Amino acid sequence: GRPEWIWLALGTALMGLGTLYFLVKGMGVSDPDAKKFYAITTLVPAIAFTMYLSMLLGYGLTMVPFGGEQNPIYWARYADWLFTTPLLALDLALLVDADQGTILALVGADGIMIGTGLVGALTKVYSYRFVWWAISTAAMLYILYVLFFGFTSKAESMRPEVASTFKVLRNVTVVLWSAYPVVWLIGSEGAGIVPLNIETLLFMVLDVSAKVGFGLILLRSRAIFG
Ligand SMILES: *C/C=C(C)/C=C/C=C(C)/C=C/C1=C(C)CCCC1(C)C
């Protein structure tokens, strides 16, 4: 009966619907290249759907003590993000033909961001929580710098239609991702200013927008076509 459950139920529903819709459209398409984008992009909200469900049912939540209090931390989010954020990057990476080393570096950075974020989430010394938060956000910025400067340049060599689709997704990604560290900062994991219920709502709106929103834009485009 935690108050944030209503948002966990809506994120479950939205992610589940989104998965089904993408699966249905995906299995209908025969183009090889398009099927690859569909397979990657249907997996993302799939993973998110299972995690939101678990949390809705009481899993992935633990009490961490810091600030002289017992604080409720949803660690199931990091298990979701660990695998969905690199898959989203792969989507963007395939669109622009990015180099294999570039992708290895991104995913690597991404592993670090999610890994330090979680360590930071679980840290019992208040001050140190933000030390882990800082590194994680530093890793995040590296990724955004690459997608904005690096990937946009590679996109330049693709047809206009492919480059156009990437810019939209690149913008969607940049705007949504940069909002996660601030939410963590002022929410349950950080300053404890925004309450967990509201925080769950914020992450749900970002999550769904970043997965199903991102998906709808990518999968409805001509750009995934070989
Ligand atoms: C579907 C989920 C997506 C697209 C999640 C993106 C998540 C981020 C960009 C998260 C970033 C974080 C930081 C920069 C620092 C503190 C902890 C995190 C993990 C909340």
# chains A, B, ... in the order shown; residues from 1 in each chain; ligands from 1
$ residues_around --residues "residue 154 in chain A" --least-positions-apart "3" --cutoff "9 Å" --atoms "only C-alpha atoms" --output "list in words"
residues 96, 97, 98, 150, 151, 157, 158 and 163 of chain A
$ residues_near_ligand --ligand "ligand 1" --cutoff "9 Å" --atoms "only C-alpha atoms and all ligand atoms" --output "PyMOL selection string"
chain A and resi 44-45+48+77-78+80-86+88+110+113-118+120-121+130+132-141+173-174+176-185+189+203+206-212
$ write_last_selection --atoms "C-alpha atoms" --output "mmCIF file, in the first residue's frame"
data_model
loop_
_atom_site.group_PDB
_atom_site.id
_atom_site.type_symbol
_atom_site.label_atom_id
_atom_site.label_comp_id
_atom_site.auth_asym_id
_atom_site.auth_seq_id
_atom_site.Cartn_x
_atom_site.Cartn_y
_atom_site.Cartn_z
ATOM 1 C CA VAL A 44 13.741 -2.388 -23.892
ATOM 2 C CA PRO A 45 10.193 -1.825 -22.599
ATOM 3 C CA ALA A 48 11.202 -2.282 -18.019
ATOM 4 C CA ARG A 77 15.365 0.528 -11.334
ATOM 5 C CA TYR A 78 19.152 -0.030 -11.823
ATOM 6 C CA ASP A 80 16.190 -2.197 -15.575
ATOM 7 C CA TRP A 81 18.494 0.648 -16.644
ATOM 8 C CA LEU A 82 21.673 -1.476 -16.717
ATOM 9 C CA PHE A 83 20.287 -3.295 -19.808
ATOM 10 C CA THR A 84 17.832 -0.793 -21.336
ATOM 11 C CA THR A 85 20.078 2.240 -21.534
ATOM 12 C CA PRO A 86 22.815 0.476 -23.531
ATOM 13 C CA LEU A 88 18.846 2.437 -26.474
ATOM 14 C CA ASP A 110 26.879 3.334 -19.586
ATOM 15 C CA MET A 113 26.916 5.331 -14.985
ATOM 16 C CA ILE A 114 24.421 2.751 -13.842
ATOM 17 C CA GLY A 115 26.937 0.940 -11.690
ATOM 18 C CA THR A 116 28.130 3.993 -9.736
ATOM 19 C CA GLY A 117 24.577 5.310 -9.538
ATOM 20 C CA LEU A 118 23.555 2.103 -7.714
ATOM 21 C CA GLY A 120 25.656 5.676 -4.666
ATOM 22 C CA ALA A 121 22.134 4.788 -4.002
ATOM 23 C CA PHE A 130 26.844 12.401 -3.889
ATOM 24 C CA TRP A 132 29.054 8.364 -6.513
ATOM 25 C CA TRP A 133 26.285 10.538 -7.972
ATOM 26 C CA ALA A 134 28.877 12.931 -9.409
ATOM 27 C CA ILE A 135 30.880 10.218 -11.099
ATOM 28 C CA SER A 136 27.782 8.591 -12.524
ATOM 29 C CA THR A 137 26.594 11.943 -13.908
ATOM 30 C CA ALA A 138 30.073 12.550 -15.291
ATOM 31 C CA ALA A 139 29.795 9.234 -17.203
ATOM 32 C CA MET A 140 26.321 10.325 -18.393
ATOM 33 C CA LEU A 141 27.650 13.594 -19.770
ATOM 34 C CA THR A 173 17.442 11.202 -25.436
ATOM 35 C CA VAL A 174 19.438 14.296 -24.448
ATOM 36 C CA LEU A 176 15.118 13.016 -20.973
ATOM 37 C CA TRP A 177 18.438 11.514 -19.768
ATOM 38 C CA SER A 178 19.780 14.794 -18.368
ATOM 39 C CA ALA A 179 16.722 14.926 -16.163
ATOM 40 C CA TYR A 180 17.467 11.658 -14.310
ATOM 41 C CA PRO A 181 20.457 12.920 -12.289
ATOM 42 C CA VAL A 182 18.541 15.960 -11.048
ATOM 43 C CA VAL A 183 15.551 13.756 -10.032
ATOM 44 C CA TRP A 184 17.924 11.482 -8.134
ATOM 45 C CA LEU A 185 19.539 14.532 -6.542
ATOM 46 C CA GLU A 189 18.217 8.915 -3.142
ATOM 47 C CA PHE A 203 10.748 8.533 -13.306
ATOM 48 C CA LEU A 206 10.769 9.782 -18.167
ATOM 49 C CA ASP A 207 11.062 6.030 -18.392
ATOM 50 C CA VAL A 208 7.975 5.580 -20.625
ATOM 51 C CA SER A 209 8.891 8.633 -22.754
ATOM 52 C CA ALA A 210 12.453 7.355 -23.110
ATOM 53 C CA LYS A 211 11.386 3.835 -23.996
ATOM 54 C CA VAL A 212 7.963 3.736 -25.607
#
$ atom_distance --atom1 "CA of residue 126 in chain A" --atom2 "CA of residue 67 in chain A"
6.1 Å
$ select_by_dssp --residues "range 10-204 of chain A" --states "strand (DSSP E or B)" --output "list in words"
residues 61, 62, 63, 64, 65, 66, 69, 70, 71, 72, 73 and 74 of chain A
$ write_last_selection --atoms "N, CA and C atoms" --output "compact mmCIF listing (two decimals), in the first residue's frame"
# COMPACT_ATOMS: atom_id res chain seq x y z
N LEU A 61 12.98 -3.24 -3.57
CA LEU A 61 13.00 -2.12 -2.64
C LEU A 61 13.74 -2.52 -1.37
N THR A 62 14.61 -1.63 -0.88
CA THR A 62 15.41 -1.90 0.31
C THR A 62 15.60 -0.62 1.14
N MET A 63 15.79 -0.78 2.45
CA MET A 63 16.01 0.36 3.35
C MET A 63 17.48 0.65 3.56
N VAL A 64 17.89 1.86 3.22
CA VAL A 64 19.27 2.25 3.41
C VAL A 64 19.32 3.34 4.48
N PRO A 65 20.26 3.23 5.43
CA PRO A 65 20.34 4.25 6.47
C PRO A 65 21.37 5.30 6.17
N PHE A 66 20.92 6.54 6.15
CA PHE A 66 21.79 7.68 5.93
C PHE A 66 20.98 8.87 6.41
N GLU A 69 18.34 8.43 9.21
CA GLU A 69 17.04 7.81 8.93
C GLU A 69 17.15 6.56 8.09
N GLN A 70 16.03 5.86 8.04
CA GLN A 70 15.91 4.63 7.26
C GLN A 70 15.25 5.01 5.92
N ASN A 71 16.02 5.00 4.84
CA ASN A 71 15.45 5.43 3.57
C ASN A 71 15.14 4.38 2.53
N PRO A 72 13.91 4.40 2.01
CA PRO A 72 13.47 3.45 1.00
C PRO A 72 14.03 3.73 -0.40
N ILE A 73 14.85 2.78 -0.85
CA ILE A 73 15.52 2.83 -2.14
C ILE A 73 15.09 1.70 -3.10
N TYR A 74 14.55 2.07 -4.27
CA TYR A 74 14.14 1.09 -5.30
C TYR A 74 15.35 0.72 -6.15
$ residues_around --residues "range 23-29 of chain A" --least-positions-apart "5" --cutoff "10 Å" --atoms "only C-alpha atoms" --output "ChimeraX atom specification"
/A:17-18,34-39,41-43,46,219-220
$ closest_residue --among "A:204, A:155, A:162, A:125" --to "residue 99 in chain A" --atoms "only C-alpha atoms"
A:155
$ select_by_dssp --residues "range 89-218 of chain A" --states "helix (DSSP H, G or I)" --output "MDAnalysis selection string"
chainID A and resid 89:95 100:122 126:155 160:177 179:186 196:218
$ write_last_selection --atoms "C-alpha atoms" --output "mmCIF file, in the first residue's frame"
data_model
loop_
_atom_site.group_PDB
_atom_site.id
_atom_site.type_symbol
_atom_site.label_atom_id
_atom_site.label_comp_id
_atom_site.auth_asym_id
_atom_site.auth_seq_id
_atom_site.Cartn_x
_atom_site.Cartn_y
_atom_site.Cartn_z
ATOM 1 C CA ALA A 89 22.366 3.577 -27.356
ATOM 2 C CA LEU A 90 22.777 0.611 -29.668
ATOM 3 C CA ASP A 91 19.662 1.706 -31.427
ATOM 4 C CA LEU A 92 21.171 5.129 -32.031
ATOM 5 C CA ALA A 93 24.533 3.609 -32.851
ATOM 6 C CA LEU A 94 23.120 1.343 -35.571
ATOM 7 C CA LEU A 95 21.118 4.251 -37.114
ATOM 8 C CA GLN A 100 32.535 -0.586 -33.068
ATOM 9 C CA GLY A 101 34.999 1.027 -30.755
ATOM 10 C CA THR A 102 32.591 3.940 -30.254
ATOM 11 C CA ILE A 103 29.814 1.572 -29.175
ATOM 12 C CA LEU A 104 32.137 -0.351 -26.844
ATOM 13 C CA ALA A 105 33.124 2.909 -25.238
ATOM 14 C CA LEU A 106 29.500 4.057 -24.902
ATOM 15 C CA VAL A 107 28.214 0.813 -23.380
ATOM 16 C CA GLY A 108 31.263 0.845 -21.154
ATOM 17 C CA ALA A 109 30.499 4.397 -20.004
ATOM 18 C CA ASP A 110 26.879 3.334 -19.586
ATOM 19 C CA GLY A 111 27.877 0.430 -17.402
ATOM 20 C CA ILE A 112 29.799 2.834 -15.214
ATOM 21 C CA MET A 113 26.916 5.331 -14.985
ATOM 22 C CA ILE A 114 24.421 2.751 -13.842
ATOM 23 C CA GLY A 115 26.937 0.940 -11.690
ATOM 24 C CA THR A 116 28.130 3.993 -9.736
ATOM 25 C CA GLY A 117 24.577 5.310 -9.538
ATOM 26 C CA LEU A 118 23.555 2.103 -7.714
ATOM 27 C CA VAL A 119 26.577 2.107 -5.435
ATOM 28 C CA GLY A 120 25.656 5.676 -4.666
ATOM 29 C CA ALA A 121 22.134 4.788 -4.002
ATOM 30 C CA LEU A 122 23.200 2.107 -1.490
ATOM 31 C CA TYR A 126 25.379 10.714 3.107
ATOM 32 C CA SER A 127 28.238 12.812 1.655
ATOM 33 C CA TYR A 128 29.672 9.851 -0.243
ATOM 34 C CA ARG A 129 26.318 9.175 -1.861
ATOM 35 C CA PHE A 130 26.844 12.401 -3.889
ATOM 36 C CA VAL A 131 30.409 11.400 -4.703
ATOM 37 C CA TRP A 132 29.054 8.364 -6.513
ATOM 38 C CA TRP A 133 26.285 10.538 -7.972
ATOM 39 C CA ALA A 134 28.877 12.931 -9.409
ATOM 40 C CA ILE A 135 30.880 10.218 -11.099
ATOM 41 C CA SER A 136 27.782 8.591 -12.524
ATOM 42 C CA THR A 137 26.594 11.943 -13.908
ATOM 43 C CA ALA A 138 30.073 12.550 -15.291
ATOM 44 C CA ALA A 139 29.795 9.234 -17.203
ATOM 45 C CA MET A 140 26.321 10.325 -18.393
ATOM 46 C CA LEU A 141 27.650 13.594 -19.770
ATOM 47 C CA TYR A 142 30.410 11.737 -21.623
ATOM 48 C CA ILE A 143 27.717 9.646 -23.366
ATOM 49 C CA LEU A 144 25.613 12.692 -24.302
ATOM 50 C CA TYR A 145 28.664 14.499 -25.597
ATOM 51 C CA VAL A 146 29.387 11.546 -27.888
ATOM 52 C CA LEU A 147 25.801 11.238 -29.124
ATOM 53 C CA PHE A 148 25.571 15.022 -29.721
ATOM 54 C CA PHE A 149 28.987 15.661 -31.219
ATOM 55 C CA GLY A 150 30.121 12.227 -32.426
ATOM 56 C CA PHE A 151 26.936 10.572 -33.641
ATOM 57 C CA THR A 152 25.562 13.695 -35.282
ATOM 58 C CA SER A 153 28.714 13.877 -37.416
ATOM 59 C CA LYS A 154 28.375 10.239 -38.457
ATOM 60 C CA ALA A 155 24.706 10.916 -39.186
ATOM 61 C CA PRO A 160 18.578 12.979 -45.034
ATOM 62 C CA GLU A 161 15.708 10.782 -43.822
ATOM 63 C CA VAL A 162 18.006 8.745 -41.605
ATOM 64 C CA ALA A 163 19.817 11.811 -40.290
ATOM 65 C CA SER A 164 16.421 13.562 -39.531
ATOM 66 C CA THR A 165 15.103 10.609 -37.519
ATOM 67 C CA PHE A 166 18.344 10.404 -35.540
ATOM 68 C CA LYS A 167 18.227 14.129 -34.619
ATOM 69 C CA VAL A 168 14.782 13.744 -33.143
ATOM 70 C CA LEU A 169 15.777 10.642 -31.144
ATOM 71 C CA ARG A 170 19.060 12.298 -30.272
ATOM 72 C CA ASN A 171 17.134 15.299 -28.905
ATOM 73 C CA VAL A 172 14.591 13.142 -27.091
ATOM 74 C CA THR A 173 17.442 11.202 -25.436
ATOM 75 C CA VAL A 174 19.438 14.296 -24.448
ATOM 76 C CA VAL A 175 16.447 16.031 -22.891
ATOM 77 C CA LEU A 176 15.118 13.016 -20.973
ATOM 78 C CA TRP A 177 18.438 11.514 -19.768
ATOM 79 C CA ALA A 179 16.722 14.926 -16.163
ATOM 80 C CA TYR A 180 17.467 11.658 -14.310
ATOM 81 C CA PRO A 181 20.457 12.920 -12.289
ATOM 82 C CA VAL A 182 18.541 15.960 -11.048
ATOM 83 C CA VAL A 183 15.551 13.756 -10.032
ATOM 84 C CA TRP A 184 17.924 11.482 -8.134
ATOM 85 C CA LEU A 185 19.539 14.532 -6.542
ATOM 86 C CA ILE A 186 16.412 16.149 -5.122
ATOM 87 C CA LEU A 196 9.032 9.036 -3.162
ATOM 88 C CA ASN A 197 5.446 9.076 -4.531
ATOM 89 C CA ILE A 198 6.136 12.188 -6.690
ATOM 90 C CA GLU A 199 9.625 10.829 -7.553
ATOM 91 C CA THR A 200 8.089 7.584 -8.796
ATOM 92 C CA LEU A 201 5.771 9.632 -11.027
ATOM 93 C CA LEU A 202 8.703 11.618 -12.493
ATOM 94 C CA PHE A 203 10.748 8.533 -13.306
ATOM 95 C CA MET A 204 7.715 6.843 -14.805
ATOM 96 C CA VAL A 205 7.153 9.772 -17.173
ATOM 97 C CA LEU A 206 10.769 9.782 -18.167
ATOM 98 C CA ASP A 207 11.062 6.030 -18.392
ATOM 99 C CA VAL A 208 7.975 5.580 -20.625
ATOM 100 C CA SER A 209 8.891 8.633 -22.754
ATOM 101 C CA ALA A 210 12.453 7.355 -23.110
ATOM 102 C CA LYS A 211 11.386 3.835 -23.996
ATOM 103 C CA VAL A 212 7.963 3.736 -25.607
ATOM 104 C CA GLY A 213 8.166 7.334 -26.794
ATOM 105 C CA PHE A 214 11.605 6.771 -28.233
ATOM 106 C CA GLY A 215 10.359 3.480 -29.741
ATOM 107 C CA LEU A 216 7.282 4.917 -31.450
ATOM 108 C CA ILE A 217 9.420 7.570 -33.132
ATOM 109 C CA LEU A 218 12.094 5.123 -34.236
#
$ atom_distance --atom1 "CA of residue 59 in chain A" --atom2 "CA of residue 10 in chain A"
16.6 Å
$ closest_residue --among "A:57, A:20, A:224, A:87" --to "residue 32 in chain A" --atoms "only C-alpha atoms"
A:224
$ atom_distance --atom1 "CA of residue 195 in chain A" --atom2 "CA of residue 6 in chain A"
14.3 Å
